[PDB]
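Just below is one structure, and these are the notes that go with it.
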Amino acid sequence: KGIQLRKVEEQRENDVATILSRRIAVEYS
Amino acid sequence: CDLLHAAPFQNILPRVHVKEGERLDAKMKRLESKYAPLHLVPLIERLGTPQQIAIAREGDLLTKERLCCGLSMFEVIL
Amino acid sequence: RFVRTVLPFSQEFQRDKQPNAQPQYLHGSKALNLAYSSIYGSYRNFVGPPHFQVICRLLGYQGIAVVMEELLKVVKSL
Amino acid sequence: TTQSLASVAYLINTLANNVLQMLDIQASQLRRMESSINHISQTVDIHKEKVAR
């Protein structure tokens, strides 16, 4: 049940930090 | 291994070498006196708050009691 | 020591998917990650005293107690 | 002009001293709280170890 919850209950902008985190994460796979 | 590490702070000492002329009891007493400052419980009681002393006593008790002190566990499973 | 069976009779484990992340969140760098993977690659194909002691250290007492209880339940069922 | 300067200096000194004392009092109280909280944490983890045993 825990693993099922973790899988289904995954994670869910005008913040600079978020934008930068997106660019570096994209430069990665 | 944990028990071996905790000997200095629990007044536990090894069998010291004894030579002719010197008695084992006197040597052991002198060695214990030399290591007296390392002892925690008595030191804490001498210079400690009531709460600190209680906590120290509990910690010492937990530290000295372990399953390796003569407790078996496979017999229950069998 | 424990070594894997010549023919597996179980493959329904269906483990999760390895999450990818930057080298910094890992050992620190590509070279460091590769070096650590090579270092730890010798223990992949066997289980021995090192694994048992690591498991004991990580599980304290609660993990061992619960694991043995579940093992007893499994043995009773079988 | 001589007077006003002395009054301003005295007020600033007193105020500054009061602020310093307030900070010292707060820091000391925070330190005292940190000791009680550490004792509480020690009790909590001792209880957890007792439960495990």
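We label chains A, B, ... in the order they appear in the structure tokens, count residues from 1 in each chain, and number ligands from 1 in the order shown.
For residue B:56, the non-local neighbours within 9 Å, defined as residues at least 3 positions apart in the same chain or in other chains and counting only C-alpha atoms, are residues 40, 41, 44, 51, 52, 53, 59, 60 and 61 of chain B.
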Residues near stretch 21-25 of chain C, cut-off 12 Å, only C-alpha atoms, skip fewer than 6 positions along chain, as JSON, numbers by chain: {"A": [21, 24, 25, 26, 27, 28, 29], "C": [31, 32, 33, 34]}
Could the residues in this selection be written to a file with C-alpha atoms, as a JSON list (two decimals), in the first residue's frame?
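Printed below is part15.json as written:
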[["chain", "number", "residue", "atom", "x", "y", "z"],
["A", 21, "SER", "CA", 16.07, 24.16, -11.52],
["A", 24, "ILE", "CA", 19.65, 22.27, -15.19],
["A", 25, "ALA", "CA", 17.35, 19.22, -14.71],
["A", 26, "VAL", "CA", 16.57, 19.30, -18.50],
["A", 27, "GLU", "CA", 20.33, 19.47, -19.31],
["A", 28, "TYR", "CA", 20.17, 16.10, -17.48],
["A", 29, "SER", "CA", 17.86, 13.10, -18.09],
["C", 31, "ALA", "CA", 34.49, 10.05, -11.57],
["C", 32, "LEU", "CA", 33.62, 9.64, -7.89],
["C", 33, "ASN", "CA", 30.39, 7.82, -8.76],
["C", 34, "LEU", "CA", 32.23, 5.43, -11.08]]
DSSP alpha helix (DSSP H) residues within chain C, as a count of residues only: 38
If you take only C-alpha atoms and a cut-off of 10 Å, which residues of chain C touch chain B, and what are their nearest atom pairs and distances in Å to one decimal, in chain and number order, as a Markdown table?
| residue | atom | partner | partner_atom | distance |
| --- | --- | --- | --- | --- |
| C:68 | CA | B:77 | CA | 8.7 |
| C:69 | CA | B:77 | CA | 9.5 |
| C:71 | CA | B:77 | CA | 9.9 |
| C:72 | CA | B:77 | CA | 7.6 |
Using C-alpha atoms, can you export the residues from the last selection as an mmCIF file, in the first residue's frame?
data_model
loop_
_atom_site.group_PDB
_atom_site.id
_atom_site.type_symbol
_atom_site.label_atom_id
_atom_site.label_comp_id
_atom_site.auth_asym_id
_atom_site.auth_seq_id
_atom_site.Cartn_x
_atom_site.Cartn_y
_atom_site.Cartn_z
ATOM 1 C CA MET C 68 12.112 -12.230 12.730
ATOM 2 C CA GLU C 69 8.409 -11.989 13.581
ATOM 3 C CA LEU C 71 9.890 -14.746 9.173
ATOM 4 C CA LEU C 72 8.206 -16.805 11.894
#
